[PDB]
């Protein structure tokens, strides 16, 4: 058989794909549970559990015909029940009943669902999901959504078996392979905290003919031995390896593999820095007084202060800590919405946003939001913004320097360097008598409990956070909605609770930002809708409530996977996250072999996306 071996870094808190919105869960369940549709190797949306589908001429009704060679299996591969249309009724009602953290995906989309969630109704029969028969699912939407079918690639629209739900009770979705049923490409054979995640190909999967690895082993990787990835690839143990140009070894590695180093493209995942606007936990701090803590709570609410940090943050220096100084810019991402995520009038998103910046002051004049460059770093602009921030803050009683807490795993040696680059950059521009980045090195438990796996905003224990967003569906709102005060998926990382809209949120204008998202969402013409979100992204950039840093991709690696064999998706969890369609080979791919395949793939992709948009009309009732 053929095996794919690599590493992972995030143990999941849960397998509950209906309740979670953390990538740590969806990345795994992508290989274990299928939804209505999935991706091919070119980003087209193709059949999955649903073998055919139609949309009504008004775009409000979506009907899906399910194949009937699709079944649920236990973790050991034993057949449990056939997949049926009722499973999608069960899935959506469950996510609603348990107040899923990804309800923003469907709450304002499925007819009557918002009424059901908020208690304005009690009868799920009024919610727009119906099992017409065992093979037929029908969704009724509030308004037309061209990106609706792309939403079915997110796990909150995945099916679940009601009898298994009843039989398991509160044990469903726990971090145990037996806590869920399986209908996707793989079974999960081992899930051991901080040790390994292991998949076995399900031979009775309905699309087993498209699964080309029989085993997938992911070994836990905590960052303390970065040479482990190349060392294991060279020994024949890993199918791939990400390289670290800053490393001791890279000189020898560079010469040994000079014809094999492959650079990926930047993808649609966007990382950015944010501040904690309502910090309540100080277990990890260097501040020793309450005047310091309150002075920091003040500074992060001041826009001039946030812009000073934004302009004092050297992204090239930051990227060089992980990519070497040659590839330092290859990962730079300068918006939350990627610059080419959508096109308006033939010009893409980043250009339009750069034009909307014209109404947000002198410090944005002629800005360029293209990937692969730093338009933000500007020391003298940072010094001017801080001078105004200090005049305004000192009148409030604020004491300087402003101390800002940033956490990092004590094992993450590359991350320690990146965070040290940020401390060095900001303190170099503004002066350590004005700002001090206090680096907090924590255990894995302290890092997760105060950051990514914290369950409340109050538990966030930092002043500065570095997080990221993966698009859930093909519309700019998947990114920009995450800071809205009603249901923002990222709000807690800012120290705010969705549905509370306290005065710190109003002090930075997030209520205004939220109001703009509401008006932008009502727009149904794509060109305007996108232009309205471009204006919103521009507002967010000027606010500097986020400091866009880097994307995924753009990194060097050695590979024994076949180029462009796996599925690809701009949004969702059925693209690179899935080990379906992926193929391994014996020979280390050469740089020239990958480039020839990329050129072939780029041409096949343009033709395939073309025929796919033409096929769409066949599906209208």
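Numbering follows the first chain given and starts at 1.
Report task. Could you settle it for me: does 500 to 508 or 375 to 383 have the higher average Cα B factor in the PDB entry? Result -> Comparing averages over the C-alpha atoms only gives 500 to 508.
Report task. Name the higher of the two by mean Cα B-factor in the PDB entry, 340 to 348 versus 293 to 301. Result -> Going by the record's values, the stretch with the higher mean is 340 to 348.
Query - Among 159, 495, 185, 252 - the residue whose C-alpha B-factor is largest in the record - result: The C-alpha B-factor peaks, among 159, 495, 185, 252, at 252.
Query raised in the report: With respect to the C-alpha temperature factors reported in the PDB entry, which of 456, 155, 140, 407 ranks highest?
Result: Top of the list by C-alpha B-factor: 407.
Report task. Please place residue 57 in the lowest, middle or highest third of its chain by C-alpha B factor as given in the entry. Result -> CA B-factor rank for residue 57: highest third.
Query - CA B-factor ranking of residue 18, expressed as a third of its chain - result: Its C-alpha B-factor belongs to the middle third of this chain's values.
Query raised in the report: Sorting the chain's CA B-factors, does residue 9 end up in the lowest, middle or highest third?
Result: Middle third, going by the recorded CA B-factors of the chain.
Query raised in the report: If you rank the chain by CA B-factor, which third does residue 555 end up in: lowest, middle or highest?
Result: As the PDB entry reports it, the C-alpha B-factor of residue 555 lands in the middle third of its chain.
Query raised in the report: Once the chain's modelled residues are ordered by C-alpha B factor and cut into thirds, is residue 65 in the lowest, middle or highest one?
Result: As the PDB entry reports it, the C-alpha B-factor of residue 65 lands in the highest third of its chain.
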